[PDB]
Structures are given as C-alpha cells and as structure tokens.
Amino acid sequence: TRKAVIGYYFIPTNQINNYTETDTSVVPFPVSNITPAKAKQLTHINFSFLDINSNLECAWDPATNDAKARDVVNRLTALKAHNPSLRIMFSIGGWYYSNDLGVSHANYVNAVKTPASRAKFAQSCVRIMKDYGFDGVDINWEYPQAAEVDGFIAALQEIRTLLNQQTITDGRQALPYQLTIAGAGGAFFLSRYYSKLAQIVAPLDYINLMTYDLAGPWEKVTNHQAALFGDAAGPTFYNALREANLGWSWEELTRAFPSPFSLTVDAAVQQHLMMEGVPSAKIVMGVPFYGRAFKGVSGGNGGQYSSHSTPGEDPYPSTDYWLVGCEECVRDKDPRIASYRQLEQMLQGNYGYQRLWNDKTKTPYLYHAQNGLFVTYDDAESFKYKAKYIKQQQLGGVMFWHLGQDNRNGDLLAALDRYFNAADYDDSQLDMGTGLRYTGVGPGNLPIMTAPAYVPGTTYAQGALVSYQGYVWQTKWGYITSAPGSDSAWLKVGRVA
Amino acid sequence: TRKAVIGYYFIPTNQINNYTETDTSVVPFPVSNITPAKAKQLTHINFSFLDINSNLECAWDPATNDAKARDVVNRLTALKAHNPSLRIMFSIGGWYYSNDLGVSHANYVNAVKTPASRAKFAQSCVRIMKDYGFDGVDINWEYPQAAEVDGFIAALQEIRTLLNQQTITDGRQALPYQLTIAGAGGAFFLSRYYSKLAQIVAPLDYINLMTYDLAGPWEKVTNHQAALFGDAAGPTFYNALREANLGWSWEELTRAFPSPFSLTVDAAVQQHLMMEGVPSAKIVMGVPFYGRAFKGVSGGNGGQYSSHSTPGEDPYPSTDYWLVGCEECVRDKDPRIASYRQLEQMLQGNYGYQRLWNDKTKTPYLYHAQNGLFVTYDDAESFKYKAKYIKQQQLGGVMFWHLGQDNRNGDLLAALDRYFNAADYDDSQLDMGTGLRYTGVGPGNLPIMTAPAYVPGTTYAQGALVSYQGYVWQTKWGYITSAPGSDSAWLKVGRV
Ligand SMILES: CC(=O)N[C@H]1[C@H](O[C@H]2[C@@H](O)[C@@H](NC(C)=O)[C@H](O[C@H]3[C@H](O)[C@H]4N=C(N(C)C)O[C@H]4[C@@H]3CO)O[C@@H]2CO)O[C@H](CO)[C@@H](O)[C@H]1O
Ligand SMILES: CC(=O)N[C@H]1[C@H](O[C@H]2[C@@H](O)[C@@H](NC(C)=O)[C@H](O[C@H]3[C@H](O)[C@H]4N=C(N(C)C)O[C@H]4[C@@H]3CO)O[C@@H]2CO)O[C@H](CO)[C@@H](O)[C@H]1O
C-alpha cells in the first residue's frame, strides 16, 4: 500500500485576504509553488485552518474575504487534475483557535456536548466540505481532555456516518471522503485522551501524530524537538501516561510506562501501538518543516542539552532578533522559530553556523559557537531514518507541518516521496543506530509466552509463572493459594498461543 | 469513651466435650480462671470457634457435645453478673475452618453467594446468638477472596439489619447486640478486600485487626511477629496494597503504598486509616498472648533476622520437640508456638533463654544461645507502647488472641486494663522511639493544608498548590491550564 504523504498547508487570514502569487513579502509560499510534479508527491494537502464558531458550526474565520478564500482553495483542488489520488482536506482548529486558553476553545467543548450539537456541528463540516470543494475533514483540537473525550468521540463517529453517506450520495466510492485528526505527539498532552485512543481512532482513516515540538525554549534544557530515538545524554521526562485513568495496577503502569523516559518520535509511536485496537496502518508520523532556536547555550557539546537564556513566552516579548541571518524571523517578529527554507539559506549565507549531527537521535542541529545559538530542526537526512522507521513499523505514512516552510524547490517533500517511492533509492542498508528505543509493555501488547497451566489447590511461590484462561501470569509475592485473575497477587505478563 | 478490651477465648471441641474446672491436664484454662476481677477488665469475650456447616448456616462443630457446650457458654454469660458492660460474643471461623484450603472453606464461600443463602446464613447467626445466649456476632473468615467480597459485604449488612431489629425487640438499647469481624493485620491478605474496606466496616461496631503472625517459620528470616514500629535492620516487604483494585494513578498508589515496607502493627493501622470512611474509633488493635519459635538460628543479633531451619508445615511434621522447657509443646505436638503462660515458665526454669528487647519495634524476644533458638512474643512491656499508640491514634481499643494463654495471675489482661483505666498509671513520658513509622498518605488521611484558591484561566508551573472543591492540589508537571479534578496534572495532596 502506498504510504500517505500528508502535507498541511497553512495560510493565515491576512494572507488569504491579500493573496498574490507574485510577491513573497505578502504571500511567502503561494499555491503556484506546487507544480503538477509536486502535486504527485503528496497524497493529501490539509488546508489550515477553519474554526468552530459561537453558533457551534464549522466556519471560516469571520475576517476572511470569502471570494479570496474560495480562490485559494480552487488553486489547491485544481492540483487534483495532476494526481487522481490527491485529496484536499481542510483542518479545523490549530493551537491558536483551540488551545485551552484559545480564542475559540469554548466552541469546541460546546459543539461536542450533545446529540443535537454533534449532529449540527457534523452537518456543518460536511456542508463546508462540499461548498468549497474539499475531500475530507481533519480535526486539530489541541486538545480535548478527560471530561470532553466522550463527546469528541461521538462527534467523530457522527462526522464519519455523514461522510460515508455523502460518499455514496456523490458516487465517490473511488475516492471516499475521509476523516482524520492531528494527535498529540508527546505524553503530557496525550495523557488527556490516551485511555480512549481505540475509540478515537476507530472512525478515522488516520491519526496524524504531531511528533515534533518535543523541545523548545519553554523547556530549561536545550534538546532536539523531534529526535527519532533517545540519547542517554539528553534530558528525560516524567511519563504522564502513568496518570491516565486506565485502571491498571502499579506494576502494570510501571511496566507500560517507563519513567523517566526520552521524549522521542519512537516513544509516541510505540505509545499508540501499545494500545489494543489502534492499527499501525492508521498511524501517521508527523515531521516538522521548521526549526526552533535557543540563545545563551554553553559550549562543548555543540549546544545540545545546555541551559539557555531564551524567552519562553508567546508572543515573543523583545525587539531583539538574535538568530543570525534569519530575516524571516524579523518579518515574523520571532527569533525562536524558522522555516527549513530560511534555515537552509542561513547555512548558505556563511554566517558561522556549524551543521552538526546526532547519530543517536538521527537528527541535525545548528550550532553557532560565536553567538552561543542552538537550532533543532529536521532535514532530508533525518527524513531517511524516519521514512525507514515508517516502513519497518508498518505505519500509514508521513505528515508534515507545513508545506509553506519547505524551500522553493520543495526538496523536503521531494525527499519524503523519494524515500517511499523512488526505484533508484535503496535504504536496505541504512543503519538505524543505537539510540534508545521505547519499550513499554502493557495489558494491550503482551508477548506470547509459555508456561505450565495453573493447578487449583496448589500454593505458588513468588515469581511462579502459570498459564490460565488465555494468559501467562506471574505471582508478585509468595504463598499464593488464589487462582490467577481472582486477586491482586497475579500479574498478567503474556498471552497463550 | 472506655477503650474496648476484647479477649478471644478459644476452647477446642475435645475440651468442651471433656470440660472440667478441676483438671488442668484436660482443660488448661477453664472459665473459672476468669475471676470477677478479671471479668471487670474485659469489655468482650469472643467465644471461639463456631463454623458454617453444609446446610450453609452458623453451627457448632458436629462433634460437639451440645449440653457441655451450653454449660461452658453459660458460665461465660454468668460472668456478666460482675460486669454490666461485658458482652459474650461468639466468633465464626478461624484459620482451621475458613482458610482457602480449610475443611469448611466452601461453606463460607457458598453461604454468602446469594440473597437467599445470605438471608438464611444471617438468620442462623442471630438464632444461634439468641439460643445460646451470646451478645453479638464476630466473623473470622480468613479470608474472603476479592470475588467473594461483595457477597461478604451484603452478608454483614444483612446481619446488621437483623441484629438492630433484635436489639429493639429485646429492649437492649443499653447494650445493643454487636457485629464485628477479625481482619487481616498484614498487607498480603488485606489486599484481598482492601478496596472495599469502607463498605466492610460500615456495618460493624469494630474491625479487630490481627496485627500479629507477621513473622513465623514460613518466612526465611526470623523476625518479630508483632513489631509496633519498624527496625531498619530487619526484613522488609513488597507492599501488596499497591496492586489492589483501587483505580488510582501511579502517583497516588506510590504515595499511599511505599514498597518495600516494614510489616508492623503501625503499618496495618495506618493502612486502614488511609481509606476514607474507616473511622479510627472502629479499629481495634490485636495483640498475641503467645510466641512463635524458630530453631537453627545464628548468633550476632540475639537470633533476630537470621536464617533458620524451622519446618513451616502444618501439622508440625515431626515428633522432635526442640523448644527446650516447653512442656506445652509436647502436649500440643508443635514446638513452634507457646503461650505466654508457658514462655514465662520457660524463663523461670532457667533453661538458658535470654530475654532481650528491641527498642525500635518495642517488643521482647527470647534467645537461647546454646541451641540456636529465637522466640518472638509480646508481654506487659510491649503492651505499654501499643496501649499508648491506641490512645494517641484514637483507636477503638485492643483485642487479643487468646485469653486461655495468659498466665494464672492474668498479668497480660491486667496490664491492658491498667494502661487504659488505672488512675495511678501515667504514660505521658513513655517514649515511642525512633522505629520506622508507615508514611503512606491516602484519601482517608490527607493532611490539613491551606493554598490559594484555583483561578479559572490561570496557568500553573510544576509543583503549584491550590485549593479547589475543598482540597489542596499540586501539579505533577508544568504549564497546567485546567482545573483540579478536570486535569490529571493535579495531585490532591491536602485538605481544609
Ligand atoms: C491564525 C494564527 O494564529 N496566525 C499566527 C500563526 O499562528 C500559527 C503558528 O504559531 C504556527 N507555528 C509554526 C511553527 O508554524 C502553529 O503551527 C502549529 C499548529 O497550530 C499545530 N497543528 C498542527 N497540525 C499538524 C495540525 O501542527 C501544529 C503546528 C506546529 O506546532 O499554528 C499557529 C496557528 O494555530 O503564527 C504566525 C507566525 O508566528 C503569525 O504571524 C500568525 O499568522
Ligand atoms: C479446630 C482446630 O484446628 N484446633 C486445633 C488448634 O488450632 C488453632 C490454633 O492453631 C491457634 N493458634 C494459636 C497460636 O493459638 C489458631 O489461632 C489463630 C486463629 O485461628 C486466628 N483467628 C484469630 N482471631 C483473633 C479471630 O487469631 C488467629 C489465631 C492466631 O494465629 O486457631 C486454630 C484454629 O483455627 O490448635 C491446637 C494446638 O494449639 C490443637 O490442639 C487443636 O485444638
């Protein structure tokens, strides 16, 4: 099966209202940058972002010029003429609109509350999709928590029912309308809805994991924002999944959730695969087309895992633009983030940046010894390891944020398409390295094990292993006269073949 | 409120059938040993043991000569003439009858299975109570498994209903009929029903904790069977409670159940106090009137914490009675147990035993250097700290197993009564020591705290404290944007 290549395409309202394809100071990355050849490299383009309004319906930001909106969307859907497999989805949400303290947060929470609100919201999603010519719906609420998850799931199931009927109604069986969501790529946010992952994923074609932003100025130690595997020398974190309402024992939680652990791409993927009912084919690994920068880093380790003096507030509080060579940063007024396109230019501008590589995390980083800067980002080389990981783990594909941050020639997208589809690219001998792998084992991903059947009336010693009722069990202490599963003395450690 | 002093009184069937108050070799401790002065020192005498028969009703052992039984029981209830607050309860169960592999085990499991079996069993408890003249019911099932707990609870609720009805019917408002159970005094067995403690305790006047047998031949290292507090030099144990079906988070479980931990009396009491709805006034601390003996011990620490060669099998697998001076051990064919009465007699027979004291656990023990023997037991001195502990923790009182093992002078019972009631006994200066205390914190014992009220819309860093819905919470990590109870980043750490 072809690996999905899902590229989000972010275009702010101000840009939609002044859309032009001949002035990069107004629209840095117009749709015209995507040629028929680049259109062929993508399976999905997710237009970002639509929102949920106070009427609790899917809608464009009110400030959007509707005619300019349709026009930008038409330029994207026209790309389908060059790729019969391409879908132009729209994404609802994003950090600014839907974070807990976001401008439209209450609308997300309220829309999923009842059967009536869910039906009215779902219907608006299908109406917007058909009105503008989209091919599916992507939900990017960052993020529903505990009490809101059941509504969220029911909202997804209702959208799924409406889209499936729409597919039949429009005779779109060859290219069915799709539903996806962008999910947390780190344990802290993932802990909010983790216990119900199987239900959340059931109605989706894919869950796009935001496996990046695992590092940033809001953290005290500099680190790679999307390390594939862990580096023992890098910082580790409390595993928040241990606090999810799973109703598992202390032994089960401890075994399933190693802690502290390395916040990596592999960790997020394995955490999703751990849960029974979450198919690998639906998991899509996100990669960033931008980097995050830190200033004030100590030397010696290329700036990795160092204390720093980077403001962590949003918006950027200063007028001081300290990321050398980043003119995009001055225009956008934030020296802490830069598109790959700009970072590649900085590497070309002979500014004193050393492009370094961590062979454990399999990711590049920039170090500016002279000024004490550190930049974590991804490139065509780190993408080789992530693409092989994707094939090896049988994931559904790759997703990236966002199309508009690739360089002018679209090399990052081209690289991804190449790793999955080029006849002349061969990664059979690519060495995945010795970086740290995440190996939590829970009640949902138990290995096959072999042990003598349990014998009623027998007394067992601590550590004894018996098979009973489909599982292999182990005693946590001595003199067990209870049957496996009838009391807290036995730990479920394996499955019977 | 006077502290309860609950003395279990065990009289095996052969002794009832051959009851005599004139022949110590037949009935070592007949009722006549309980003089009026001793009767005034007890609040309850729990006659042991009755059982549950195949008809799934409470009943005396079949081999019991009923007339002799009523005679023994009548002497007990006659004692009430000397103490108007005294209750003569009967206990159903015991290790032999009710343990998982015990002879009547199935009857316990089946009696609590259905509403009909539960009504029939409950009704039989009250009938036996009124028929033989008892003042209450004590259930000592060791122990209901997790799956059998809901039936156990309904059974207790049903007996409670019928006993309160009988109390009104019999005009016993002054001395209401009571219902109690003897509960596990260690985390391994306690973990079977720990999650439903509150429901198990609601229908009871008291839960009598068997906070003893925490050490014995079945363990690889000799240890005190009833240490009040822990000794860092002794063995430690896996805290089975962290595996109970509580539905709590890793943080909550870890803070409530440190592991490994010291298996002590204080640990069992605190473990009970950690659950919401288990009032201290209902918790009764059990103490043993007997010692446990080990052989083949090594020197160095008076026999403590040593490897040993004591058989762990029941019945004792041998006719080798190695407990020097223990004549009673030969009579009962087990040199691994001895009553306080016999231990005392072993001490005055100068057989080479040394009475030592551990000031961490606050308990005595014997050490026989020549034969490499170790004996863990309790006495009037260890009872001073446990009685003070009972007063400090506001527990319901003390319970002991069993009256028939006290000495002829009734020194152990006298000591318990003295510590709670004597006008001339002053323990205000008694030093509880530096032995290890159980540090677990749970729902039932959150410490009083104060903190800024949670503010809707505020982001909190890691470790921030706030008050919300009556409790004080703390964040487990940073950048918290939602409310306590609505975001698992918050840990309920205190209260009002
Ligand atoms: C409408 C608006 O808020 N406009 C802002 C704009 O906000 C952006 C940026 O902060 C994006 N950051 C970067 C590094 O591109 C941010 O990207 C988020 C996105 O919200 C999340 N959703 C996904 N998906 C895969 C669905 O990935 C994450 C990414 C990456 O973290 O999105 C917000 C809007 O929600 O920022 C620009 C520049 O600062 C500003 O001028 C203004 O246009
Ligand atoms: C019917 C029977 O098995 N009779 C045995 C008798 O068994 C006794 C003894 O083993 C008791 N042990 C000691 C040290 O006294 C044992 O006491 C148990 C009791 O079952 C549990 N219940 C409580 N409560 C407070 C309710 O405490 C524990 C105690 C202490 O572990 O009980 C069994 C019967 O269940 O043993 C004697 C020889 O000692 C033998 O002759 C015979 O009569």
# chains A, B, ... in the order shown; residues from 1 in each chain; ligands from 1
>>> interface_residues(of="chain B", to="chain A", cutoff="7 Å", atoms="only C-alpha atoms", output="PyMOL selection string")
chain B and resi 100+145-147+192+242-244+247-250+253+457+481+486-488
>>> select_by_dssp(residues="range 168-281 of chain B", states="alpha helix (DSSP H)", output="number ranges by chain")
B: 168-169, 187-190, 197-201, 250-256, 265-273
>>> residues_around(residues="residue 325 in chain A", least_positions_apart="2", cutoff="12 Å", atoms="only C-alpha atoms", output="list in words")
residues 321, 322, 323, 327, 328, 329, 330, 335, 338, 342, 343, 344, 345, 346, 347, 348, 349, 350, 351, 352, 353 and 368 of chain A
>>> closest_residue(among="A:461, A:256, A:398, A:153", to="ligand 1", atoms="only C-alpha atoms and all ligand atoms")
A:398
>>> residues_around(residues="range 40-55 of chain B", least_positions_apart="5", cutoff="9 Å", atoms="only C-alpha atoms", output="PyMOL selection string")
chain B and resi 3-12+35+60-62+73+76+79-80+82-94+97-98+104-108+111+121+134+136-138+140+399+403+413-414+416-418
>>> closest_residue(among="B:132, B:206, B:290, B:141", to="residue 398 in chain B", atoms="only C-alpha atoms")
B:206
>>> atom_distance(atom1="CA of residue 264 in chain B", atom2="CA of residue 156 in chain B")
27.8 Å
>>> residues_near_ligand(ligand="ligand 2", cutoff="6 Å", atoms="only C-alpha atoms and all ligand atoms", output="PyMOL selection string")
chain B and resi 12+94-96+140+182+210+332+337+401
>>> write_last_selection(atoms="C-alpha atoms", output="PDB file, in the first residue's frame")
ATOM      1  CA  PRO B  12     -11.322 -26.690  71.256  1.00  0.00           C
ATOM      2  CA  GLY B  94     -10.755 -19.290  62.474  1.00  0.00           C
ATOM      3  CA  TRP B  95      -7.819 -20.416  60.374  1.00  0.00           C
ATOM      4  CA  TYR B  96      -8.571 -24.165  60.511  1.00  0.00           C
ATOM      5  CA  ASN B 140     -13.337 -14.511  61.329  1.00  0.00           C
ATOM      6  CA  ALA B 182     -11.393 -10.121  62.740  1.00  0.00           C
ATOM      7  CA  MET B 210      -4.999  -9.437  63.669  1.00  0.00           C
ATOM      8  CA  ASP B 332       0.106 -29.949  71.539  1.00  0.00           C
ATOM      9  CA  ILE B 337       4.237 -21.980  69.349  1.00  0.00           C
ATOM     10  CA  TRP B 401      -5.737 -13.997  70.934  1.00  0.00           C
TER      11      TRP B 401
END
>>> closest_residue(among="B:99, B:211, B:114, B:350", to="residue 153 in chain B", atoms="only C-alpha atoms")
B:114
>>> residues_near_ligand(ligand="ligand 1", cutoff="6 Å", atoms="only C-alpha atoms and all ligand atoms", output="list in words")
residues 12, 94, 95, 96, 140, 182, 210, 332 and 401 of chain A
>>> residues_around(residues="residue 75 in chain B", least_positions_apart="6", cutoff="10 Å", atoms="only C-alpha atoms", output="PDB file with N, CA, C and O atoms, in the first residue's frame")
ATOM      1  N   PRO B  30      -9.984 -23.341  82.205  1.00  0.00           N
ATOM      2  CA  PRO B  30     -11.447 -23.346  82.270  1.00  0.00           C
ATOM      3  C   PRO B  30     -11.991 -21.974  82.637  1.00  0.00           C
ATOM      4  O   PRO B  30     -11.259 -21.109  83.118  1.00  0.00           O
ATOM      5  N   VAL B  31     -13.283 -21.775  82.431  1.00  0.00           N
ATOM      6  CA  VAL B  31     -13.898 -20.484  82.724  1.00  0.00           C
ATOM      7  C   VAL B  31     -13.679 -19.959  84.148  1.00  0.00           C
ATOM      8  O   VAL B  31     -13.587 -18.741  84.356  1.00  0.00           O
ATOM      9  N   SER B  32     -13.572 -20.864  85.117  1.00  0.00           N
ATOM     10  CA  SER B  32     -13.353 -20.459  86.497  1.00  0.00           C
ATOM     11  C   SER B  32     -12.071 -19.626  86.658  1.00  0.00           C
ATOM     12  O   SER B  32     -11.933 -18.909  87.647  1.00  0.00           O
ATOM     13  N   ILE B  34     -11.399 -17.198  85.021  1.00  0.00           N
ATOM     14  CA  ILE B  34     -11.859 -15.825  84.824  1.00  0.00           C
ATOM     15  C   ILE B  34     -12.629 -15.368  86.053  1.00  0.00           C
ATOM     16  O   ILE B  34     -13.856 -15.442  86.105  1.00  0.00           O
TER      17      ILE B  34
END
>>> select_by_dssp(residues="range 143-328 of chain B", states="strand (DSSP E or B)", output="MDAnalysis selection string")
chainID B and resid 178:184 206:210 230 237 261 283:288 290:295
>>> closest_residue(among="B:494, B:269, B:333, B:351", to="residue 393 in chain B", atoms="only C-alpha atoms")
B:269
>>> residues_around(residues="residue 33 in chain B", least_positions_apart="2", cutoff="10 Å", atoms="only C-alpha atoms", output="list in words")
residues 21, 28, 29, 30, 31, 35, 36, 38, 39, 403, 404, 407, 408, 409 and 410 of chain B
>>> residues_around(residues="residue 490 in chain B", least_positions_apart="2", cutoff="12 Å", atoms="only C-alpha atoms", output="PyMOL selection string")
(chain A and resi 240+243-244) or (chain B and resi 249+251-252+454+460-468+471-488+492-494)
>>> atom_distance(atom1="CA of residue 295 in chain B", atom2="CA of residue 223 in chain B")
12.6 Å
>>> atom_distance(atom1="CA of residue 206 in chain A", atom2="CA of residue 35 in chain A")
25.8 Å
